[PDB]
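First comes the structure, then the notes that go with it.
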Amino acid sequence: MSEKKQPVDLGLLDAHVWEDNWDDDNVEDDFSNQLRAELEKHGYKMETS
Amino acid sequence: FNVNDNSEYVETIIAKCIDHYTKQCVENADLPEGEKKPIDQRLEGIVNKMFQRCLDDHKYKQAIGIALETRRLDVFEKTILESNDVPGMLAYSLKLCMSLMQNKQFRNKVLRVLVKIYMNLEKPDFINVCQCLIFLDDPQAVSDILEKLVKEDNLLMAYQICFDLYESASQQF
Amino acid sequence: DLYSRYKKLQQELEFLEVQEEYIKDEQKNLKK
Amino acid sequence: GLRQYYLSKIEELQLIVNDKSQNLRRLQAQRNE
Amino acid sequence: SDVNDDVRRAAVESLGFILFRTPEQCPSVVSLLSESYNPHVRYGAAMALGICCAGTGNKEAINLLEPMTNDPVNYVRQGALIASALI
Amino acid sequence: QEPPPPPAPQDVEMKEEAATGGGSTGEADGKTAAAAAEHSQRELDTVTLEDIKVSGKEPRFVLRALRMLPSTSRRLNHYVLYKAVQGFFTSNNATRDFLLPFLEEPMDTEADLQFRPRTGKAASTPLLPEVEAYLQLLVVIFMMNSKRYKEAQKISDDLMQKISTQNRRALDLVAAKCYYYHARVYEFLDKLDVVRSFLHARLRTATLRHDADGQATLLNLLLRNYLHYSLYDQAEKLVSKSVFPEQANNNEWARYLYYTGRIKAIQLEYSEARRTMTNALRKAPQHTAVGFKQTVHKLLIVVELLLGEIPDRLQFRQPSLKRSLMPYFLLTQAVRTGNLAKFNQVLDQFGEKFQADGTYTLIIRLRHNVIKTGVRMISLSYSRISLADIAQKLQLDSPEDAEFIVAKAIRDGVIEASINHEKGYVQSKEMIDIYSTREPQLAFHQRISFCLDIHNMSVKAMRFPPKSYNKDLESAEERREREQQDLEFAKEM
């Protein structure tokens, strides 16, 4: 009952206590590192044309 | 390969061989008049080789069984006229037949084979054949045996066999 | 003797079969 | 050999008998109650 | 299943003749049927059992026949007494 | 505190194995030889415990005689008499050991009526597990001989009549686990080859007399050692007959699925590998061990980066597994954007790790499926789009080969669109209203069948507790007599 004997092994052994409740992985991936200044994203787009 | 006698391979294939053989025999026995589609005689060869192996081991009872299992009566017959203590094994064979058989046709075949061997012993024993003759019926035969005993003037045993007859036979018989 | 044992077992099987059928029929009829 | 084959038949047949008895006990209970 | 009792008694009791060449068998089948609700079947079971093994001292037959002797319905007591005495 | 070691462990072993054997001997073979399942679970429990459980237990254990019933009683008595001896004197076996004590002990100590399965179990548990575990790969050379003696007992299992006479118990377990441990030894510090020949032979002798767990453990072990090297590895599965269903420990099904999943993935068969290996993963227990869960997750991620998907932005943060999946997240973070620069910067950085993982070659071909994933997401975005933009926004300079990559993507079913070669637009067809078709009826019928199957199995199996321990009752016997007398008195009046 739950023997789990395993030739396969454990393998291996933080500064990340910022748990934002859940996920955001897709969310943080969406704006990975660019398109940052959304204020500027609008502003320097209304003067463009 | 046949003689290697020492491998799982041959053991399994001979098992299925004798199985298929006895299947086909019991299937094609029981009178398929005109059909009678025969066995491939190679099966008969390789099975009778096993019969012989059983005889060599002096191991008769397996043969006496498998013979009637495959309905082959001749190998049965020979395996009574054998180095065994024949008059002792014979009663075992009869007592087997009396309680594990259903096909009356085949049962009578067997009984008709066995009857005459009791008539072939160094001293024949008449009582066994007498009762055999009222497990399948031949009143003329028992009357003839009776008159034989009269001509040989063995009257005492005639009386004893008559008593043995009255207690068991049908009134009509 | 192995043969007698074989035969005994063989028949035993059939007897079991018929008993199982009968008790199945009984279980169905007692509801009615 | 017949010792091995002829015993193999017995040992192969012997399981079914046990299983059948197993079932039959339960069904007999179910009817008795 | 049949719908008239004397058919049921004679149907049960007949089994005492088919098996009499192997006395060991009858208690293995009738021992359950002897607990039927309607007494006709119980009477038939007593007679089947008594007639399968008439001559012997067979033990399990008597083992089953003993508790019938107090069955409330008088005629099955008559049946059990006869059967007990034939065996 | 030195007393406590002998005082407690001896007490625990004097009941964890004494009762185990006492129950197995009488309920597995005394009773119809099918209900050693409780003994099986007992053996599982004892295996797990003994792994975490000794010199004095072995001398006592070994001193069981089982010559006769009175001899077995004397053996249980000697179990405590030797406890008193240890309390007063010393232990003949020292820090386990008893290296040559066992071999002589097999012949001796009035083993007149010891049952074959019990003897095998005791031999396997003491010698093999204790020696190998305490060994730390030391006894391994000696363990080889001890397991060879176990193989002699297994020569008895092959043909002492145990092959069939006690086959029920002998192969119900003990043998099944024995094969596993004996194989492990060899893997531990040895070769594997004549082991595989022996395994082939032992599988062959099964599948004829028996068809359960002799076709599960052997299949897994054999495929294991094939995969330890890198042979053909497929021509065996096709005729294997599959791990026998109808019975399994549901555990072995897991690793069998994992093996067939891998051998399917390496042979350029992607789409149906993910479903079977996910089915593999969902069958693992809730236990803390993350031994092969990490492995199967890692493989699942890497096969799903093929095709044109995203692995799932979960199963990357869960506490049990995170350090180990770090490079794989750092990889997919690159692949999603689809910038070969960073992908190279990851590979040249962690290539040592990946090739150590034994999965480097799968990810060495990944760039092409990179471009495939890009075009797939584009296909899902729009419906009618000119080729004068597909290559423009995929950094592909030529619009001639964009035709070819799109066409291939259509061929293998990545996207459903067609192409108007003259016009220059690509449009995708839309097929809806799957409710009106016949397929939902099929999907539902399968589940109906399964549920009815469950009901039959449940009412069919463990509803045996209607037992003869208490049979049937009755009523009183004087009651009716009294009542009838009273009613006849009333009648007279």
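Labels used: A, B, ... for chains in the order of the structure tokens, numbers from 1 for residues in each chain, and numbers from 1 for ligands as shown.
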Extract, using only C-alpha atoms, all DNA, RNA and protein residues at most 12 Å from segment 90-95 of chain B, discarding same-chain residues fewer than 5 positions from it, and format them as a PDB file with N, CA, C and O atoms, in the first residue's frame.
```
ATOM      1  N   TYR B  60       2.039 -49.365 -16.475  1.00  0.00           N
ATOM      2  CA  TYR B  60       0.972 -49.822 -17.362  1.00  0.00           C
ATOM      3  C   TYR B  60      -0.315 -49.013 -17.227  1.00  0.00           C
ATOM      4  O   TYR B  60      -1.021 -48.814 -18.223  1.00  0.00           O
ATOM      5  N   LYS B  61      -0.647 -48.555 -16.019  1.00  0.00           N
ATOM      6  CA  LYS B  61      -1.980 -48.005 -15.780  1.00  0.00           C
ATOM      7  C   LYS B  61      -2.243 -46.745 -16.598  1.00  0.00           C
ATOM      8  O   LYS B  61      -3.380 -46.501 -17.026  1.00  0.00           O
ATOM      9  N   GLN B  62      -1.209 -45.954 -16.867  1.00  0.00           N
ATOM     10  CA  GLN B  62      -1.381 -44.809 -17.751  1.00  0.00           C
ATOM     11  C   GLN B  62      -1.821 -45.263 -19.131  1.00  0.00           C
ATOM     12  O   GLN B  62      -2.730 -44.681 -19.736  1.00  0.00           O
ATOM     13  N   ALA B  63      -1.154 -46.283 -19.663  1.00  0.00           N
ATOM     14  CA  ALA B  63      -1.552 -46.832 -20.950  1.00  0.00           C
ATOM     15  C   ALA B  63      -2.986 -47.337 -20.906  1.00  0.00           C
ATOM     16  O   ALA B  63      -3.787 -47.048 -21.805  1.00  0.00           O
ATOM     17  N   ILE B  64      -3.330 -48.106 -19.867  1.00  0.00           N
ATOM     18  CA  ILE B  64      -4.659 -48.707 -19.826  1.00  0.00           C
ATOM     19  C   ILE B  64      -5.721 -47.621 -19.821  1.00  0.00           C
ATOM     20  O   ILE B  64      -6.804 -47.800 -20.387  1.00  0.00           O
ATOM     21  N   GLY B  65      -5.432 -46.481 -19.205  1.00  0.00           N
ATOM     22  CA  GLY B  65      -6.346 -45.363 -19.292  1.00  0.00           C
ATOM     23  C   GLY B  65      -6.409 -44.739 -20.672  1.00  0.00           C
ATOM     24  O   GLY B  65      -7.471 -44.703 -21.310  1.00  0.00           O
ATOM     25  N   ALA B  67      -5.613 -45.552 -23.521  1.00  0.00           N
ATOM     26  CA  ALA B  67      -6.139 -46.391 -24.591  1.00  0.00           C
ATOM     27  C   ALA B  67      -7.628 -46.159 -24.787  1.00  0.00           C
ATOM     28  O   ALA B  67      -8.072 -45.737 -25.860  1.00  0.00           O
ATOM     29  N   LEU B  68      -8.416 -46.392 -23.741  1.00  0.00           N
ATOM     30  CA  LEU B  68      -9.849 -46.193 -23.869  1.00  0.00           C
ATOM     31  C   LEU B  68     -10.201 -44.721 -23.962  1.00  0.00           C
ATOM     32  O   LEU B  68     -11.275 -44.385 -24.468  1.00  0.00           O
ATOM     33  N   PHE B  76      -5.162 -51.257 -25.936  1.00  0.00           N
ATOM     34  CA  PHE B  76      -5.767 -51.686 -24.682  1.00  0.00           C
ATOM     35  C   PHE B  76      -5.581 -53.183 -24.471  1.00  0.00           C
ATOM     36  O   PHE B  76      -5.101 -53.620 -23.420  1.00  0.00           O
ATOM     37  N   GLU B  77      -5.952 -53.984 -25.471  1.00  0.00           N
ATOM     38  CA  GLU B  77      -5.920 -55.434 -25.312  1.00  0.00           C
ATOM     39  C   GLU B  77      -4.509 -55.933 -25.041  1.00  0.00           C
ATOM     40  O   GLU B  77      -4.288 -56.749 -24.139  1.00  0.00           O
ATOM     41  N   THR B  79      -2.018 -54.407 -23.741  1.00  0.00           N
ATOM     42  CA  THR B  79      -1.603 -53.937 -22.430  1.00  0.00           C
ATOM     43  C   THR B  79      -2.365 -54.587 -21.289  1.00  0.00           C
ATOM     44  O   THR B  79      -2.412 -54.026 -20.190  1.00  0.00           O
ATOM     45  N   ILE B  80      -3.012 -55.722 -21.529  1.00  0.00           N
ATOM     46  CA  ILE B  80      -3.385 -56.645 -20.472  1.00  0.00           C
ATOM     47  C   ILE B  80      -2.547 -57.915 -20.522  1.00  0.00           C
ATOM     48  O   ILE B  80      -2.135 -58.432 -19.483  1.00  0.00           O
ATOM     49  N   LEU B  81      -2.247 -58.405 -21.724  1.00  0.00           N
ATOM     50  CA  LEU B  81      -1.376 -59.564 -21.899  1.00  0.00           C
ATOM     51  C   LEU B  81       0.084 -59.118 -21.799  1.00  0.00           C
ATOM     52  O   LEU B  81       0.873 -59.195 -22.740  1.00  0.00           O
ATOM     53  N   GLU B  82       0.420 -58.622 -20.615  1.00  0.00           N
ATOM     54  CA  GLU B  82       1.641 -57.880 -20.366  1.00  0.00           C
ATOM     55  C   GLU B  82       2.311 -58.423 -19.117  1.00  0.00           C
ATOM     56  O   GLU B  82       1.708 -59.164 -18.336  1.00  0.00           O
ATOM     57  N   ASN B  84       2.745 -57.415 -16.380  1.00  0.00           N
ATOM     58  CA  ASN B  84       2.085 -57.131 -15.122  1.00  0.00           C
ATOM     59  C   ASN B  84       1.509 -58.407 -14.509  1.00  0.00           C
ATOM     60  O   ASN B  84       1.477 -59.473 -15.126  1.00  0.00           O
ATOM     61  N   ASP B  85       1.037 -58.277 -13.270  1.00  0.00           N
ATOM     62  CA  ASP B  85       0.360 -59.366 -12.563  1.00  0.00           C
ATOM     63  C   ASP B  85      -1.102 -59.434 -13.011  1.00  0.00           C
ATOM     64  O   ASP B  85      -2.045 -59.217 -12.248  1.00  0.00           O
ATOM     65  N   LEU B 100     -17.706 -45.557 -14.880  1.00  0.00           N
ATOM     66  CA  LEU B 100     -17.302 -44.288 -15.469  1.00  0.00           C
ATOM     67  C   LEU B 100     -17.563 -44.274 -16.964  1.00  0.00           C
ATOM     68  O   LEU B 100     -16.801 -43.686 -17.737  1.00  0.00           O
ATOM     69  N   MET B 101     -18.645 -44.910 -17.401  1.00  0.00           N
ATOM     70  CA  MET B 101     -18.919 -45.038 -18.823  1.00  0.00           C
ATOM     71  C   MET B 101     -20.386 -44.747 -19.094  1.00  0.00           C
ATOM     72  O   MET B 101     -21.250 -44.992 -18.249  1.00  0.00           O
ATOM     73  N   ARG B 107     -19.280 -48.832 -24.468  1.00  0.00           N
ATOM     74  CA  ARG B 107     -19.187 -49.657 -23.274  1.00  0.00           C
ATOM     75  C   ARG B 107     -19.342 -51.133 -23.616  1.00  0.00           C
ATOM     76  O   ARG B 107     -18.619 -51.982 -23.082  1.00  0.00           O
ATOM     77  N   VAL B 110     -16.105 -52.425 -25.283  1.00  0.00           N
ATOM     78  CA  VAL B 110     -15.098 -52.721 -24.268  1.00  0.00           C
ATOM     79  C   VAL B 110     -15.419 -54.027 -23.560  1.00  0.00           C
ATOM     80  O   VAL B 110     -14.542 -54.873 -23.345  1.00  0.00           O
ATOM     81  N   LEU B 111     -16.671 -54.197 -23.159  1.00  0.00           N
ATOM     82  CA  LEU B 111     -17.011 -55.383 -22.393  1.00  0.00           C
ATOM     83  C   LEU B 111     -16.872 -56.640 -23.238  1.00  0.00           C
ATOM     84  O   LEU B 111     -16.443 -57.688 -22.735  1.00  0.00           O
ATOM     85  N   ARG B 112     -17.167 -56.534 -24.534  1.00  0.00           N
ATOM     86  CA  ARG B 112     -17.064 -57.665 -25.444  1.00  0.00           C
ATOM     87  C   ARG B 112     -15.615 -58.011 -25.741  1.00  0.00           C
ATOM     88  O   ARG B 112     -15.295 -59.171 -26.016  1.00  0.00           O
ATOM     89  N   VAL B 113     -14.730 -57.021 -25.700  1.00  0.00           N
ATOM     90  CA  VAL B 113     -13.308 -57.321 -25.786  1.00  0.00           C
ATOM     91  C   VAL B 113     -12.854 -58.059 -24.541  1.00  0.00           C
ATOM     92  O   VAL B 113     -12.266 -59.142 -24.618  1.00  0.00           O
ATOM     93  N   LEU B 114     -13.138 -57.489 -23.374  1.00  0.00           N
ATOM     94  CA  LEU B 114     -12.589 -58.031 -22.139  1.00  0.00           C
ATOM     95  C   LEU B 114     -13.118 -59.423 -21.827  1.00  0.00           C
ATOM     96  O   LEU B 114     -12.406 -60.218 -21.209  1.00  0.00           O
ATOM     97  N   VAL B 115     -14.358 -59.735 -22.216  1.00  0.00           N
ATOM     98  CA  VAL B 115     -14.969 -60.995 -21.788  1.00  0.00           C
ATOM     99  C   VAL B 115     -14.087 -62.192 -22.127  1.00  0.00           C
ATOM    100  O   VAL B 115     -13.817 -63.041 -21.271  1.00  0.00           O
ATOM    101  N   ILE B 117     -10.920 -62.624 -22.696  1.00  0.00           N
ATOM    102  CA  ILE B 117      -9.624 -62.802 -22.054  1.00  0.00           C
ATOM    103  C   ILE B 117      -9.760 -63.640 -20.790  1.00  0.00           C
ATOM    104  O   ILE B 117      -8.887 -64.452 -20.474  1.00  0.00           O
ATOM    105  N   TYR B 118     -10.855 -63.469 -20.052  1.00  0.00           N
ATOM    106  CA  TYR B 118     -11.107 -64.362 -18.929  1.00  0.00           C
ATOM    107  C   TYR B 118     -11.223 -65.804 -19.390  1.00  0.00           C
ATOM    108  O   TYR B 118     -10.985 -66.727 -18.605  1.00  0.00           O
ATOM    109  N   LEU B 121      -7.224 -67.462 -19.696  1.00  0.00           N
ATOM    110  CA  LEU B 121      -6.262 -67.650 -18.621  1.00  0.00           C
ATOM    111  C   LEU B 121      -5.819 -69.102 -18.511  1.00  0.00           C
ATOM    112  O   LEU B 121      -6.427 -70.017 -19.075  1.00  0.00           O
ATOM    113  N   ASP B 125     -11.613 -68.347 -15.627  1.00  0.00           N
ATOM    114  CA  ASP B 125     -12.588 -68.094 -14.576  1.00  0.00           C
ATOM    115  C   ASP B 125     -13.908 -67.748 -15.241  1.00  0.00           C
ATOM    116  O   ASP B 125     -14.015 -66.725 -15.925  1.00  0.00           O
ATOM    117  N   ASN B 128     -16.804 -64.425 -13.997  1.00  0.00           N
ATOM    118  CA  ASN B 128     -16.713 -63.063 -14.504  1.00  0.00           C
ATOM    119  C   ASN B 128     -17.349 -62.938 -15.878  1.00  0.00           C
ATOM    120  O   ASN B 128     -18.081 -61.977 -16.141  1.00  0.00           O
ATOM    121  N   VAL B 129     -17.120 -63.912 -16.760  1.00  0.00           N
ATOM    122  CA  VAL B 129     -17.747 -63.825 -18.074  1.00  0.00           C
ATOM    123  C   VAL B 129     -19.235 -64.101 -17.969  1.00  0.00           C
ATOM    124  O   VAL B 129     -20.029 -63.544 -18.732  1.00  0.00           O
ATOM    125  N   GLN B 131     -21.276 -63.163 -15.576  1.00  0.00           N
ATOM    126  CA  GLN B 131     -21.938 -61.910 -15.220  1.00  0.00           C
ATOM    127  C   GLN B 131     -21.778 -60.857 -16.312  1.00  0.00           C
ATOM    128  O   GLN B 131     -22.699 -60.064 -16.565  1.00  0.00           O
ATOM    129  N   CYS B 132     -20.624 -60.831 -16.974  1.00  0.00           N
ATOM    130  CA  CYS B 132     -20.484 -59.984 -18.147  1.00  0.00           C
ATOM    131  C   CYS B 132     -21.603 -60.245 -19.142  1.00  0.00           C
ATOM    132  O   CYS B 132     -22.159 -59.311 -19.725  1.00  0.00           O
ATOM    133  N   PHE B 135     -24.504 -58.205 -18.134  1.00  0.00           N
ATOM    134  CA  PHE B 135     -24.442 -56.769 -18.370  1.00  0.00           C
ATOM    135  C   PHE B 135     -24.681 -56.415 -19.827  1.00  0.00           C
ATOM    136  O   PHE B 135     -25.048 -55.276 -20.124  1.00  0.00           O
TER     137      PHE B 135
ATOM    138  N   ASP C   1      -3.849 -43.860  -8.057  1.00  0.00           N
ATOM    139  CA  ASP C   1      -3.975 -43.823  -9.508  1.00  0.00           C
ATOM    140  C   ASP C   1      -4.411 -42.453  -9.991  1.00  0.00           C
ATOM    141  O   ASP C   1      -5.446 -41.945  -9.575  1.00  0.00           O
ATOM    142  N   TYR C   3      -5.484 -41.548 -12.897  1.00  0.00           N
ATOM    143  CA  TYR C   3      -6.650 -41.572 -13.775  1.00  0.00           C
ATOM    144  C   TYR C   3      -7.955 -41.394 -13.006  1.00  0.00           C
ATOM    145  O   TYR C   3      -8.794 -40.559 -13.372  1.00  0.00           O
ATOM    146  N   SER C   4      -8.169 -42.210 -11.974  1.00  0.00           N
ATOM    147  CA  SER C   4      -9.390 -42.092 -11.188  1.00  0.00           C
ATOM    148  C   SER C   4      -9.564 -40.678 -10.658  1.00  0.00           C
ATOM    149  O   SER C   4     -10.676 -40.138 -10.658  1.00  0.00           O
TER     150      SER C   4
END
```
#### Entry: Neighbours of chain C in chain D at 7 Å, counting only C-alpha atoms, as a VMD selection string
chain D and resid 10 17 24 31
### Query
Just asking: which residues within segment 143-379 of chain F are alpha helix (DSSP H) according to DSSP, as an NGL selection string?
:F and (143-159 or 167-172 or 175-189 or 193-205 or 217-228 or 251-265 or 271-281 or 291-305 or 326-337 or 340-357 or 360-363 or 366-379)
### Message
Using only C-alpha atoms and a distance of at most 10 Å, pull out the residues of chain E that contact chain D, as a ChimeraX atom specification.
### Response
/E:32-33,35-36
I need the residues from that last selection saved to file as a PDB file, in the first residue's frame (with N, CA, C and O atoms), if you can.
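Saved as result.pdb:
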```
ATOM      1  N   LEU E  32     -30.046 -27.810   1.446  1.00  0.00           N
ATOM      2  CA  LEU E  32     -30.515 -26.439   1.368  1.00  0.00           C
ATOM      3  C   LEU E  32     -32.025 -26.407   1.195  1.00  0.00           C
ATOM      4  O   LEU E  32     -32.735 -25.680   1.900  1.00  0.00           O
ATOM      5  N   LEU E  33     -32.523 -27.255   0.306  1.00  0.00           N
ATOM      6  CA  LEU E  33     -33.927 -27.262  -0.057  1.00  0.00           C
ATOM      7  C   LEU E  33     -34.808 -27.618   1.117  1.00  0.00           C
ATOM      8  O   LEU E  33     -35.987 -27.269   1.119  1.00  0.00           O
ATOM      9  N   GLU E  35     -35.029 -26.236   3.749  1.00  0.00           N
ATOM     10  CA  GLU E  35     -35.483 -25.048   4.462  1.00  0.00           C
ATOM     11  C   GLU E  35     -36.522 -24.243   3.690  1.00  0.00           C
ATOM     12  O   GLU E  35     -36.692 -23.050   3.954  1.00  0.00           O
ATOM     13  N   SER E  36     -37.206 -24.863   2.740  1.00  0.00           N
ATOM     14  CA  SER E  36     -38.261 -24.181   2.014  1.00  0.00           C
ATOM     15  C   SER E  36     -39.371 -23.761   2.962  1.00  0.00           C
ATOM     16  O   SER E  36     -39.567 -24.355   4.022  1.00  0.00           O
TER      17      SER E  36
END
```
### Task
Excluding segment 268-276 of chain F and any residue of its chain fewer than 3 positions from it, enumerate the residues within 8 Å of it, using only C-alpha atoms, and give them as an NGL selection string.
:F and (257 or 261-262 or 264-265 or 279-280 or 300 or 303-304 or 306-307)
### Message
Can you measure atom CA of residue 137 of chain B to atom CA of residue 26 of chain B for me? One decimal in Å is fine.
### Response
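Between atom CA of residue 137 of chain B and atom CA of residue 26 of chain B the gap works out to 25.9 Å.
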### Query
Out of segment 334-424 of chain F, which residues get strand (DSSP E) from DSSP, as a list in words?
residues 384, 385, 386, 418 and 419 of chain F
Please produce, as a Markdown table, a per-residue contact table for chain F versus chain E (criterion: any atom at most 10 Å away, only C-alpha atoms considered), showing the nearest atom pair and its distance in Å to one decimal, sorted by chain then residue number.
```
| residue | atom | partner | partner_atom | distance |
| --- | --- | --- | --- | --- |
| F:477 | CA | E:70 | CA | 7.3 |
| F:480 | CA | E:72 | CA | 8.2 |
| F:481 | CA | E:72 | CA | 9.6 |
```
### Query
Near residue 178 of chain F, within 9 Å and counting only C-alpha atoms, which residues show up once chain neighbours fewer than 5 positions away are dropped, as a ChimeraX atom specification?
/F:124,128,150,173,183
### Message
Distance cut-off 8 Å, counting only C-alpha atoms - which residues of chain F neighbour chain A? Return them as a list in words.
### Response
residues 41, 44, 45, 48, 285, 286, 287, 289, 290, 291, 292, 313, 314, 323, 324 and 333 of chain F
